[PDB]
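Residue numbers (PDB author numbering), protein chains in the order written: chain U, 1 to 65; chain Y, 3 to 265; chain C, 164 to 196; chain Z, 337 to 392; chain G, 72 to 155; chain V, 448 to 503; chain H, 834 to 919, 933 to 980; chain L, 25 to 70.
Taking it in order: structure first as C-alpha cells, then the write-up.
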RNA sequence: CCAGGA
Ligand SMILES: [Mg+2]
Ligand SMILES: [Zn+2]
Ligand SMILES: [Zn+2]
Ligand SMILES: [Zn+2]
C-alpha cells in the first residue's frame, strides 16, 4: 500500500517513479519491462520494488471517513 | 601525478564511473564502506503530527518523511544537535519543515515532497530542500487524500550518518569490480562444462589484457585497478560522494593519530 | 403471525443485505469487497 | 504429579534461542532485560561489601 | 553402628559428589562469614576460597559415608585423595 | 522435552543485547535445539551450595 | 545463519523491509444490577475503595477514556470504571503489561440493553528484530 | 472548539457529556468515536 | 475447551 520511497536493497528513490510508471503503461501502452528500464530502474532490487508493488491505498480511499 | 590514480569513464547528476589504479584493495574497499555508511546528510528525524485524517498511520507517514532526500550540500556548516548547545534543536543544528495538505478536490488529492516548506532560518546555506529529480517536478509521493482528508504535521531534520539510520545514506548502490579475467585466481569458477563459456565476460574485460593460456600463473601479481560506479540519491552531488568519502576516511584516520598524540 | 425467536443469518446468503450489494455499496457500508 | 513431582518455580526465564559462533561452548547469551529481572541473593561480607554497595 | 578406622573399606579417593558438596558447603560457610583456614592470596569468591582450602587440605570437614545397612565409615577431607 | 541429563546443563552467563538466548552451535545437539523458533528455559541457583552443584 | 537462523540487511530493515502494524482492541461495558445499581466510566481517585490499579490514571479523560493519540506504555489505565457496594471498587482496564503503543480508535457505543459499551484500539509498529520468525 | 466525540458514518462532531444520550443528531446510529488528543504526538522518523 | 508454537 502506497509506493515505497527508496528501494529496500540499495535505497535508490523510487517514490517519484510511480505515477510515471503507471503512465508509461496506460498512455504509452509499453510493456512493464521497458517502462521500468525507461525510468532507469536497472538493478533487479530496484525493478522488484515497482514491478511487484500493490497500491492498496487506492482501495482504502474508497471508504467515506 | 603522485600515489593512487583516477580515470573517470562517465559522469551525470546521478552517476560516476571511474578507474582507481595504484591502490590497495583494502583502501578501495574502506572508501566504498565510508561512502555507504559514514558521510553526513540531513534527513527528517522528528515528526510532530497535529492532524491526520488519512488511511495511513501517523508513524507509517513519519517513516516515509525520513526517507525523503533533503539538500545536504552545506551539511558541513550545520551542527549535530547532540554536539549543539541548545535544548533539543535550533537553527545552528536543524531544519524545520512544514506540511499542510487537504482534499479540496472530488478527485484524489496527492501529497508530494514538493508540498514540504522550510519554516526555520537557513542562515543562507544549501540545506533542507526536498530533492526533486522528478520530470513533472513533484518529487516523492508521500500520501493520497480523498475529501475531508487533512494532514497537518511538522518535521525536524537533523545531521546524521547511515550507521545510525540508512535514511542518512547519500549513496545508492556502489558498483565495485577488479581483475575481470580471473588472473589473480581470487575465485574458483563453478561450472558444468566450461567456465569461460558458462560465465559472462565483464564490461571491464576490454580495459585489461586477456591472460593468454601459454603463460605460467603470476603469483607475485597483486590487486590494483578497480572499476567502480558511485550512484547518488540527491542529498550530495555524485562527485562529493567520492570526495567526502575520501575526506571522511582521511579524518577517521587522523583521529587515531591524534588519539595516540593525547596518550 | 406469531414470533418464534431469532435466527442468525450467514453473511452473503439470500437473507443477508450484502448478497445484492455492489462494490460501491459495500465500500459505503464499510464492508470489504 | 502436578504440584509435587513438578512445580511452577521462581528464578526461571524463557525466550527464543539463536546461535552464536562467538560464544564459548559453556556460555549462554542472556538478554539484558532477563539479567535485570533474575536475581542472586548475595551475603554482605568483607570480600564483596564495596562491590555490592555499588550495585545497590 | 559406625565402622572403625582400621576396618574402613570404601574408596580412599574422594567422589565427584563429595568434592562438589565439600566445595559447596565451605563456600556457603565462607560466605556466611565463617573463619577461613587459608591465606587468601587476594581471593574474594567463596568458591575460589573453598577450592584453595581443599587444595591445601585445610578444610575441617568429615564425610559420613552411609552403607545400605545403615552403618558408616567417617573420612576426613585431609585423608581423601583428590584425583578429580 | 528433557529426556536426557544433557537436556539441562550449567552455562556461564554472558549478558548481551537483543531479546534471544544465544548458545554455542556445538551445544545444539545435546539439547536437540535449532533456531526455527525454539525457546529455552533458564533457572538461577540461589545458594553458594547450589551454584557449586551446577558448576561442579 | 546456521541451524535454521538467517541474516537480515539492517540497512533494508530501516528502508521499511518487513515492518508491520499491530493493533489490539481492549473492550468493556457498564453492568446494570436489577435495582438500577450500574457501574461508572470515570477517572477515579482514592475516595474510600483505594483498591485500584498501580498504573497512571492521569492519561484518562473525565469519561474514563484515553484520547486517541496518547502514547500508552506499560500498565497505564486505558479504561477507567467503578462499581459501588452496600465506594471508589475499581473496575479499570490497563494496557496489557507486556505491551506499549499509541491509542488508535476509541469507540463509545450502546449495548443491546441500552448500556454504556466501550472498545479501545491501540496501535504499534513492529520492526523486524532478532528472534523474529520468517 | 472542542469535539468530545465524533459520528461514525455522517462524521458530524458531537461534544456530549455523561447521561446526554449515546446517539447522533440527525442520523440514528449509536456508533460514535473519540477525536484525537490536543496534546500533539511526536514520532522519530526511523 | 478451542486455536497454535518446538
Ligand atoms: Mg526446531
Ligand atoms: Zn535497489
Ligand atoms: Zn541547536
Ligand atoms: Zn450521525
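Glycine included, each C-beta is placed from N, C-alpha and C at the ideal position.
- Task: Check the Cβ-Cβ distances between residue 125(G) and every residue of chain V, and say whether any is below 8 Å.
- Result: In the fifth chain, the residue the question calls residue 125(G) occupies position 54. So, not an interface residue.
- Can you tell which of 846(H), 860(H), 836(H) and 883(H) has its C-alpha closest to the C-alpha of residue 917(H)? Taking the first residue of the seventh chain as position 1, residue 917(H) is located at position 84. Between residue 917(H) and the set 846(H), 860(H), 836(H) and 883(H), the nearest pair of CA atoms involves 883(H).
- Could I get the ranges of all uninterrupted alpha helix (DSSP H) runs contained in the region 167-247 of chain Y, with 4 residues as the minimum, in chain order? Counting only runs of 4 or more, we get 197-200.
- Query: How big is the Cα-Cα spacing for residue 905(H) and residue 969(H)?
  - Reply: Position 72 of the seventh chain, counted from the first residue, corresponds to residue 905(H). Position 123 of the seventh chain, counted from the first residue, corresponds to residue 969(H). Those two C-alpha atoms are separated by around 10 Å.
- Item | Selected residue, minimal CA-CA separation from residue 234(Y), among 8(Y), 6(Y) and 13(Y) | To locate residue 234(Y), count along the second chain from 1; it is residue 232. Cα-wise, what sits closest to residue 234(Y) is 13(Y).
- Query: Where does residue 34(L) sit, in a helix, a strand or coil, going by DSSP?
  - Reply: The residue you call residue 34(L) lines up with position 10 of the eighth chain. Reduced to three states, the DSSP call for residue 34(L) is coil.
- Query: Among the residues of its own chain, which have a CB less than 7 Å from the CB of residue 204(Y), if the five just before and after it don't count?
  - Reply: The residue given as residue 204(Y) occupies position 202 in the second chain. Taken in chain order, the residues that qualify are 179 and 182.
- Message: Just checking: is the beta-carbon of residue 54(U) within a distance shorter than 8 Å of some beta-carbon in chain Y?
- Response: Numbered from its first residue, the first chain carries residue 54(U) at position 54. Chain Y, which has no Cβ nearer than 8 Å to the Cβ of residue 54(U), makes this no.
- C-beta neighbour in chain U for residue 848(H), strict 8 Å: The residue labelled residue 848(H) in the question sits at position 15 within the seventh chain. So yes, residue 848(H) belongs to the interface.
- Task: Just grab the DSSP bridge partners of residue 860(H) for me.
- Result: Residue mapping note: residue 860(H) aligns to position 27 of the seventh chain, counting from 1. Residue pairing by DSSP places residue 860(H) opposite 965(H) in a beta bridge.
- Hey, residue 141(G) and residue 500(V) are a contact pair by Cβ (cut 8 Å); roughly how many whole angstroms apart? Stepping through the fifth chain from its first residue, residue 141(G) is reached at position 70. Stepping through the sixth chain from its first residue, residue 500(V) is reached at position 53. Wrong, their Cβ atoms sit about 26 Å apart, outside the cutoff.
- Message: Below 8 Å on C-beta distance, what does residue 454(V) contact in chain H?
- Response: By one-based count along the sixth chain, residue 454(V) stands at place 7. In chain order: nothing, as chain H lies at least about 17 Å away.
- Item | Where residue 935(H) sits in the DSSP three-state scheme | Here residue 935(H) refers to the residue found at position 89 when the seventh chain is read from its first residue. In the three-state scheme derived from DSSP, where H, G and I count as helix and E and B as strand, residue 935(H) is classed as coil.
- Query: What three-state label does DSSP hand residue 846(H) in the structure shown?
  - Reply: Against the seventh chain, residue 846(H) aligns to sequence position 13. Residue 846(H): helix per DSSP, three-state reduction.
- Item | Three CB pairs or more closer than 8 Å across the region 169-176 of chain Y and the region 34-41 of chain Y | Judged by Cβ distances under 8 Å, the region 169-176 of chain Y makes contact with the region 34-41 of chain Y, as three or more pairs qualify.
- Task: Could you tell me whether the Cβ atoms of residue 29(L) and residue 49(L) are closer together than 8 Å?
- Result: Reading the eighth chain from its first residue, position 5 is the one you call residue 29(L). Reading the eighth chain from its first residue, position 25 is the one you call residue 49(L). No, the Cβ-Cβ distance between residue 29(L) and residue 49(L) is not below 8 Å.
- Task: Answer with yes or no whether the minimum CB distance from residue 843(H) to chain Z is below 8 Å.
- Result: On the seventh chain, position 10 is the one that residue 843(H) refers to. With its beta carbon at least 8 Å from every one in chain Z, residue 843(H) lies outside the interface.
- Message: So that I know if they touch, is there some Cβ in chain Y lying closer than 8 Å to that of residue 46(L)?
- Response: Start at 1 with the first residue of the eighth chain, and residue 46(L) comes out as number 22. No, residue 46(L) does not count as interfacial toward chain Y.
- Task: May I ask which residues mark the beginning and end of the beta strand (DSSP E) holding residue 33(U)?
- Result: On the first chain, position 33 is the one that residue 33(U) refers to. That residue, residue 33(U), is in no beta strand (DSSP E); its alpha helix (DSSP H) goes 32-38.
- Buried or exposed: where does residue 385(Z) fall if 16 or more other Cβ atoms within 10 Å of its Cβ makes it buried? Looking up residue 385(Z) in the fourth chain gives position 49. Exposed.
- At a CB-CB cut-off below 7 Å, which residues of chain H make contact with residue 467(V)? Numbered from 1 along the sixth chain, position 20 holds the residue referred to as residue 467(V). Those are 976 and 977, listed as they occur along chain H.
- Item | Residue(s) in a DSSP beta bridge with residue 490(V) | As a working mapping, residue 490(V) is identified with position 43 in the sixth chain. Residue 490(V) is bridged to 348(Z).
- Query: At a Cβ cut of 7 Å, what residues of the region 96-107 of chain G count as close to chain Z, listed as they run along the chain?
  - Reply: If the cut-off is 7 Å between Cβ atoms, the region 96-107 of chain G has 102, 103 and 104 near chain Z.
- Helix, strand or coil for residue 887(H), going by three-state DSSP, please let me know. Position 54 of the seventh chain, counting from 1, holds the residue named residue 887(H). Here residue 887(H) sits in coil by DSSP.
- Message: Could you check whether the Cβ of residue 39(L) sits closer than 7 Å to any heavy atom belonging to ligand 4?
- Response: For this step, residue 39(L) is matched to residue 15 along the eighth chain. Not so, every heavy atom of ligand 4 lies at least 7 Å from the Cβ.
- Cβ-heavy atom distance, residue 490(V) to ligand 3, below 7 Å: Within the sixth chain, residue 490(V) is the residue found at index 43, counting from 1. Checking every heavy atom of ligand 3 against the Cβ of residue 490(V), none is found closer than 7 Å.
- Query: In this structure, what does DSSP give as the bridge partners for residue 161(Y)?
  - Reply: Position 159 of the second chain holds residue 161(Y). Answer is 44(Y).
- Message: Considering just the uninterrupted stretch of the alpha helix (DSSP H) at residue 365(Z), what are its terminal residues?
- Response: Taking the first residue of the fourth chain as 1, we reach residue 365(Z) at position 29. Careful: residue 365(Z) lies outside any alpha helix (DSSP H), inside the beta strand (DSSP E) at 363-367.
- Task: Can you tell me the Cβ-Cβ gap for residue 926(H) and residue 472(V), rounded? I've got them flagged as a contact below 8 Å.
- Result: No coordinates are present for residue 926(H), because the numbering of chain H runs from 919 directly to 933.
- Message: For a test of the three-state rule: what should DSSP assign to residue 130(Y), helix, strand or coil?
- Response: Position 128 of the second chain, counted from the first residue, corresponds to residue 130(Y). DSSP places residue 130(Y) in the strand class (E or B) of the three-state scheme.
- Validate contact between the region 187-194 of chain Y and the region 67-82 of chain Y using beta carbons, cut 8 Å, 3 pairs: Taking 8 Å as the limit for Cβ pairs, the verdict is that the region 67-82 of chain Y does not touch the region 187-194 of chain Y.
- Item | Where the beta strand (DSSP E) through residue 947(H) begins and ends | In the seventh chain, residue 947(H) corresponds to position 101, counting from 1. Judged by DSSP secondary structure, residue 947(H) falls within the beta strand (DSSP E) whose first and last residues are 947-956.
- Item | Residue range of the unbroken alpha helix (DSSP H) whose run includes residue 147(Y) | If you number the second chain from 1, residue 147(Y) lands on position 145. Where residue 147(Y) is concerned, there is no enclosing alpha helix (DSSP H), although the beta strand (DSSP E) it sits in stretches over 143-147.
- Task: Under 8 Å by Cβ, that's how I've got residue 351(Z) and residue 104(G) pegged, so tell me the actual separation to the nearest angstrom.
- Result: For the purposes of this step, residue 351(Z) is taken as the residue at position 15 of the fourth chain. For the purposes of this step, residue 104(G) is taken as the residue at position 33 of the fifth chain. Not confirmed; about 37 Å, so no contact.
- Indicate whether at least one CB of chain G lies closer than 8 Å to the CB of residue 384(Z). Translated into positions along the fourth chain, residue 384(Z) becomes position 48. So, interface residue.
- Compute the Euclidean distance between the alpha carbons of residue 963(H) and residue 348(Z), then round it to the nearest angstrom. The count along the seventh chain starts at 1 and reaches residue 963(H) at position 117. The count along the fourth chain starts at 1 and reaches residue 348(Z) at position 12. Straight-line Cα distance between these residues: approximately 40 Å.
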